[PDB]
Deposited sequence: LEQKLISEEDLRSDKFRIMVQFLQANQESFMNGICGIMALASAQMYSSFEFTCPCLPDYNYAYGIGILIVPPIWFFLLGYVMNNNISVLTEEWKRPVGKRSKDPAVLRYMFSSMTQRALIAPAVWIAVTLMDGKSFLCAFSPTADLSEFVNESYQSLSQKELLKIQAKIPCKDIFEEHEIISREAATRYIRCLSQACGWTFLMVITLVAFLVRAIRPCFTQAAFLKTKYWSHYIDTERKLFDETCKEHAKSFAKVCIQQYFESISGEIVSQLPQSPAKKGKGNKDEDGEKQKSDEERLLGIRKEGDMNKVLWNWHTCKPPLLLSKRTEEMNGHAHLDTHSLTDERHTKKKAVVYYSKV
C-alpha cells in the first residue's frame, strides 16, 4: 500500500518514464515460484530484464533515432553533434532502469525471493532441528517468501528472516542510490 501511496503522491506533485516504471512495479504481481531451482532465476530476472526492456523502450520512443542511424550508416554524413545527440539520448533513456532498480531494491521482494534458499539463516533455525541436511533446509528456506505455502513454523521463524533479508535489501538499495547520485554529480560537474 505504501508503493501505491507514493505513486499517488508523485502523481499529485507532477522525465515521465520514471512514473511509468514506478506504476508498472506497483501494479505488477510479483509471484516468487518458491522452489529451490527457480527462486534465484526468477528474482534475478525480475531485477535485471525489466530495466533492460525499459532501456530499449526509452531508445525506441526517442524521436530522432532515425537521423542517428542514417548518419551512422552513411560514409560521409551531411558529425560531432552525433556523439552529443547519442549521449543525450542515452542519458535520457537511463532514467527508467535506475528508478526500477531502486524501487525493487527498497521493496525487498526480489532479494527475498532470490537469496532465501542459499542464505545462511542459522540464528533463526529452531534449536531442535539445528542438525539436519542442508538439502532439507533448501526447500524450507525456498518456501520462505510465500506466506500461504510456508507451513513449517516449527523449524524457522518466517518473519524474523524476512526482516533480516529485507533490511539487507534496503541497505543495498541505499548504497545503489548513493553511488548513482555521486556519478550524476560528477557528470553534471564535468560535462
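- Not built in the structure, per the record, are deposited positions 1-16, 31-35, 100-103, 217-358.
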